[PDB]
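Chain residues, written in single-letter form:
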Amino acid sequence: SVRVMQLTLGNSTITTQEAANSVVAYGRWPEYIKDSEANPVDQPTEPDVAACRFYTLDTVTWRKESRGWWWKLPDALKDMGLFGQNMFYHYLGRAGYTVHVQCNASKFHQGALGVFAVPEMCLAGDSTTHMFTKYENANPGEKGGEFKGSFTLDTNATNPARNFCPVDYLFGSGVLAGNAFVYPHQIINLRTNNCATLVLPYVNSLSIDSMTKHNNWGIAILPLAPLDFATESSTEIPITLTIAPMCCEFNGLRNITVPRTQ
Amino acid sequence: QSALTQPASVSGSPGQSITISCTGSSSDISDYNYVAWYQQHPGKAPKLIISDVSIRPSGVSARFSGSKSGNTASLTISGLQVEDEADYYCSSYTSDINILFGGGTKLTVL
Amino acid sequence: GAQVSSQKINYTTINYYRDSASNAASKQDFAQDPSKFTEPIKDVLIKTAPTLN
Amino acid sequence: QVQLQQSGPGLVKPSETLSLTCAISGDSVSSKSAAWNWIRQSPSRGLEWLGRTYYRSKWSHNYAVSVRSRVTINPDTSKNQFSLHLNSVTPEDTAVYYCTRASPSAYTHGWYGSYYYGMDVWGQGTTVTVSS
Amino acid sequence: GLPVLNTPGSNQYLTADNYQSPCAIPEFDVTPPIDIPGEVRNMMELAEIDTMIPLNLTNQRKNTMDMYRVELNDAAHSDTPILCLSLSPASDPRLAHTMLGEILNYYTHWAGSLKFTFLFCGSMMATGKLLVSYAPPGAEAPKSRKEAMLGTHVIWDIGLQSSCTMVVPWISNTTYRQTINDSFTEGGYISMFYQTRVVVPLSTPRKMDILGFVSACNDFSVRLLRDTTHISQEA
Amino acid sequence: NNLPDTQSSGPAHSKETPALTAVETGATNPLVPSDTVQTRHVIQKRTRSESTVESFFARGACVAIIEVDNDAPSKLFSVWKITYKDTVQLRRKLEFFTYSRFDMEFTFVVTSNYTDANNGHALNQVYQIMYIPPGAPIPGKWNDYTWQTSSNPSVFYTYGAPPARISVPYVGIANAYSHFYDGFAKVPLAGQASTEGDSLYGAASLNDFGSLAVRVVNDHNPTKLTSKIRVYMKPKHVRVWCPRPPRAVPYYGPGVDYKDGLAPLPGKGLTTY
Ligand SMILES: CCCCCCCCCCCCCCCC(=O)O
């Protein structure tokens, strides 16, 4: 029944036997651009399976007092082979995404996690000056970041960090976390299931945009019920994440770009 | 701290045209046109010349004028004369309720 | 070129300015559908086409 | 037309308290369309801003972040004067000081009101010295 | 046939009128639209969604992530209540801050049915039964299983499926309600009680957590608009 | 627009249980009263007309307050930057959604008052308003040559007459308005220390919609007068495509920053009705 599924591409292979049903955002399936809604005029390119394959990200540890994690797209995939190479040569780009979270545990464990997907996911700063955050810290790459349990202002006016300071129960933007279930979501309970799956189309006010400047989709993870186990000493379990885009195309080829980093 | 930048010094001859620029970080100039200019003379208190980029108060000659937005504000002078020699400073007002001044420009003749 | 409609006994309406933004409002729509969870329609057999262009 | 005047001690010793008062002639301190600022100039550092105060249906204050806790400015309605107070005096305080006026720019709003870019009237400049 | 003669009450400005007006940019060019997901056309499409509830609300948990959770234990049986709520979405602090209450604060009248859901976050080996009750007004507030079991109630069994739902019917003496905590339009009470003690074997944590959700139904309606009090006008 | 009616149902006995489900799929069970309790035949007549977005936005609200004077020589003219972010009443409602599309309407109100009638009395007044698209020159004086308005639309209002009213179409350069933008206008490249590529987070286009200018036409009276102007706004023909949860803390700047008001929920017992 719905308890079993298969998804695997590109010379890898994994075992899965307890997935719940799938999710589609607003019931729309990704598609290419139609001739009646274009805006450029040059002939695009379509790598096809050269970029549409699963990629594996870094692993993290879940602890008792952990707060949460957050990532940005398509920033995280800038360094994955041909997709990253094309993302820098062409001026414009367009693509959807697919997500899959992996987590397993025993029967005597208990806990719960939430998955949320947010378009145009803005975040608050940490200083009096308005909108003073810097580029290099808002695009850290694959590692992502984590939420904080309290708000604190900086004092090093001479060498400000110019970084974020999200709060978990404010969702990082001054709104209640419980009301976030209006977004597409899935819930993982260690007693019933062991993975999650989602489908994400391209959402924006334009048919295509610059990938280096604007991020369409954001992802956040928040524990709802703390992890517990009869072991009185300590306990940790891993989390791994996978992503795969679909329907890629680009326009505006020129010399290569090389962004500044610190 | 972001601080405004000015050229060290400039000089010329009467009847020519002169240009000066003040530039700094984005947080100081890139927000709006909150820019003003001041002038000083040896032993004299500073005097206002231009406010709000291009608005000339009463008693200011049409020779002194300059304007731009973004990361730099330019001041341009026409019909240069000896008495035009002076010290020049750029200023700005930020959203953090603070006022900043540049490093200054030094032009003096004995 | 008048148009008539019920107040819920009819009423009358006239447009004077030949620009859409200058026109008044209307209340003519009630469509609604909240189902936004899942859809099965995906597959169509293209390569089995008996016709070519 | 409207003209300012400066007064107060010109010499200071380390660890003392320094206070200055500036006088307004031809205008009212309670003016609802004006503001008053304090500035100091030194060759080693150039121009820099300290603080200001104004009255809009109530008294209010604004101070620079770097010296916020060390500075205090108070008005005087009877004298049509406003006074400065500075503590923890040190040798670096040796510099010129002015009292000035600000006029309103024209873009309005933000926090309801208007913006005061800079200044138009300047005092003669009163010197303060720290020695011993 | 009316050059200079009298006219009735006119020349006033009313903020809810509807008239034609001239256009200041004639012969303008308009960008065409496109299709985008999520086109919304009625607000009730938002009330039919589940949402979390801050039940705990104690001084040591309010304004913290811990206030969304409740604790259960495997002690012996007792008839004491676990928690209580009053049906007053627009005035009760535990509901006024949800999406449903936030929308209702902009309206003055409402009517319809409501749904409540609960979720169990314990381990697989845990077992037990629970009871939920709803009692219309007009008498002493129930505080024991015997008094609650007379009114509407449902029996919930924990198993392979951990979620259950309870429905609040529309019973009222008026066609609408006031939303401002009035005695003449009270909505009733809600409660939960133990049915049997919880069973746990060895080598297992002895504490469990439970969560709740609230949602509207398909017959809900609202019929008058107003302003909110969460932030105010000034003179 | 009708609503569904309620049909009768009797008792039941089976293990067909629609009251059990799983929320992990992110779906809601569409339950109804008749599936769990006995019901009588009833016919509904209520409707959802007052819930549409068009009726939700069919109200005018204040946006800005402006001040100006009239004197011989204290400011004789003023400018305001067009934006809906300066007030919270309409901003909170608009932030319910991500993207929007609508036409817009305008209205103006004028007021005036004396400072002192000791010097004399003055005649009626006339006020001027002009619209400045982006890139146009800015007036430098109350009597500048720029007030000729050979191409820029302008409006004249007489004191004591009823308020003016204006309508405009959608003027976006994209396919819709955007209330959020998670990105930057510039990209910093190598070989650039501080001054290049530095831009603010969430920045919009180079220039959004320009500004407005105001002045009085009548020559100076021998005494000073004061006047104010207020603006009201009214959308129509609205559309939206994505929802969001509402704000819950005081606003601070155009962005989502916050530094105060972080304790809106009071205390209460767990077993109190
Ligand atoms: C180069 C940057 C491109 C940015 C995309 C263009 C859309 C943003 C510019 C207009 C600013 C929008 C201001 C709010 C709109 C409104 O609600 O009136």
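Numbering of residues starts from 1 on every chain and follows the written order of that chain's sequence, so it may differ from the entry's own numbering; residues lacking coordinates are omitted. Labels are handed out in written order, letters beginning with A for the chains and numbers beginning with 1 for the ligands. Heavy atoms from the whole structure form the basis of all side-chain values; hydrogens and water molecules are not counted.

- In terms of determination method and resolution, the entry is listed under cryo-EM at 3.65 Å.

Quick look at the overall build of chain F
In step 1: Within chain F one finds two helices and ten strands.
In step 2: Starting at the N terminus, helices and strands are each numbered in turn, a helix being any DSSP run of H or I of at least four residues and a strand any DSSP run of E of at least two. For chain F, the sequential pattern of α-helices and β-strands runs β-α-β-β-α-β-β-β-β-β-β-β.
In step 3: The atom set for the radius of gyration is the C-alpha atoms, and the globule formula is 2.2 Å times the number of residues raised to the power 0.38. Scaling as 2.2 N^0.38, a compact globule of 273 residues should have a C-alpha radius of gyration of about 19 Å, whereas chain F reaches 28 Å, well beyond that.
In step 4: Counting only C-alpha atoms and orienting by the principal axes, one finds that chain F spans roughly 95 × 60 × 45 Å.
In step 5: For every residue, the accessible area obtained with a 1.4 Å probe (protein chains only) is divided by the maximum for its type, and the residue is called buried under 20%, exposed over 50%, and partly exposed between those limits. In chain F, which comprises 273 residues, the proportion classed as buried is 40%.
In step 6: Computed by Shrake-Rupley with a 1.4 Å probe, the accessible areas treat only the displayed protein chains as cover when residues are assessed. Total accessible area on chain F is roughly 14300 Å²; 56% of this is exposed by carbon and sulfur atoms.

Overview of the overall build of chain B
In step 1: Helix and strand counts for chain B come out as one helix and seven strands.
In step 2: Seen in sequence order, chain B has helices and strands lined up from the N terminus as β-α-β-β-β-β-β-β.
In step 3: Against the 2.2 N^0.38 benchmark of 13 Å for 110 residues, chain B shows a C-alpha radius of gyration of 14 Å, consistent with a compact globule.
In step 4: When its C-alpha atoms are laid out on the principal axes, chain B stretches across 40 × 25 × 20 Å.

Observations concerning the environment of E249(A)
Residue and element names in this part refer to chain A.
In step 1: Counting through the fold element by element, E249 comes out in strand β9 (residues 237-253).
In step 2: Along the primary structure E249 and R94 are separated by 155 residues, whereas in three dimensions their C-alpha atoms are 5.8 Å apart.
In step 3: Residue contacts follow a heavy-atom distance rule, with two residues in contact if any of their heavy atoms lie within 4.5 Å. Look past the residues within four positions of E249 in its chain and what remains in contact with it is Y32, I33, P44, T45, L92, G93 and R94.

Quick word on the state of the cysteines
A covalent bond between the sulfur atoms of two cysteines is referred to as a disulfide.
All names here are of chain B.
In step 1: Whenever a pair of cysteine sulfur atoms sits within 2.5 Å, that pair is classed as a disulfide. Taken as a whole and judged by the stated rule, the model has two disulfides over all chains.
In step 2: Disulfide pairing is shown between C22 and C90; the S-S distance is 2.0 Å. A torsion of 50° about the S-S bond marks the disulfide between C22 and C90 as right-handed. Of this pair, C22 sits in strand β1 (residues 18-23) while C90 is found in strand β6 (residues 87-93), placing the two residues 68 residues apart along the sequence.

A look at the site of the ligand
In step 1: What makes a residue near a molecule or strand is one non-hydrogen atom of that residue sitting within 4 Å of it. Taken together, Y84(F), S205(F), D208(F) and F209(F) make up the full set of residues near the ligand.
In step 2: Polarity classes work like this: nonpolar for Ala, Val, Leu, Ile, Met, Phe, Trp, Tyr, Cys and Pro, charged for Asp, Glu, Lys and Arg, and polar for all others, with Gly in that last group. Its residues assigned to classes, the shell around the ligand comprises two nonpolar, one polar and one charged.

Some remarks on the pairing of strand β5 (residues 127-135) of chain E
All names here are of chain E.
In step 1: Across the nine residues of β5, seven count as buried, placing the element largely inside the fold.
In step 2: Here eight bridges tie β5 to strand β8 (residues 189-199), and the two strands are oriented antiparallel to one another. Opposite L131, over in β8, you have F193 as the bridge partner.
In step 3: Judged from the six bridges that link them, β5 and strand β6 (residues 152-157) form a sheet pairing that is antiparallel. Bridge pairing in β6 places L130 opposite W156. What makes two strands pair is DSSP finding at least two bridges between them.

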